[PDB]
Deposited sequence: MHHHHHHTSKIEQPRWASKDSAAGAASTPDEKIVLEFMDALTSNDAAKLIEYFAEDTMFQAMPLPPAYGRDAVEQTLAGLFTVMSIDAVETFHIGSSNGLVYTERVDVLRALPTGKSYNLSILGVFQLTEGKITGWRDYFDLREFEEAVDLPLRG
């Protein structure tokens, strides 16, 4: 739990913020076929250290690939807010490398674009090397 955590900062206060929180909970399913139901047809996803994926088919394939070697065991959201149809989440994802069994608390700032309650864009910003060295698994 970060020293720098802000009162309503951690509350989801709009429908879009609430759907993003629900999506963060669904991520622990590690199930890309289930998670793709949250995305619009016109959509994209990027873990920013890695190449982007555009459209539902490429996004589902990208997520499925990540889930073959890592489990999202928990998502803890410290701050959530929104302006202009974008939702921002400052969080830690607890990521477990399946090959090694090691876990790591990865600090993430992510952004979600939503239209009519569906994700039109999801980008997470973080440092990939610190995750790789912690769990003994390169990902690039």
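Gaps in the model relative to the deposited sequence occur at 1-12, 19-20, 155, listed in sequence order.
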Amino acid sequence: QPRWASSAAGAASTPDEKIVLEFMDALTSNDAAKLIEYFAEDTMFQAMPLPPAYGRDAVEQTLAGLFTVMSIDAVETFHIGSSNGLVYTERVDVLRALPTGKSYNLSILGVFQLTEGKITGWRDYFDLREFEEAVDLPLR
From here on, numbers count along this sequence of modelled residues.
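The mean Cα B-factor in the deposited entry runs higher for 22-30 than for the other of 22-30 and 88-96. Mean CA B-factor, 63-71 versus 103-111: the higher value falls on 63-71.
For residue 128, the recorded CA B-factor ranks within the middle third of the chain. Only modelled residues enter the ranking. When the modelled residues of the chain are ordered by C-alpha B-factor, residue 121 sits in the lowest third. The deposited CA B-factor of residue 58 belongs to the middle third of values across its chain. Ranked against the other modelled residues of its chain, the C-alpha B-factor of residue 50 as given in the entry falls in the middle third. Compared with the other modelled residues of the chain, the Cα B-factor recorded for residue 35 ranks in the highest third.
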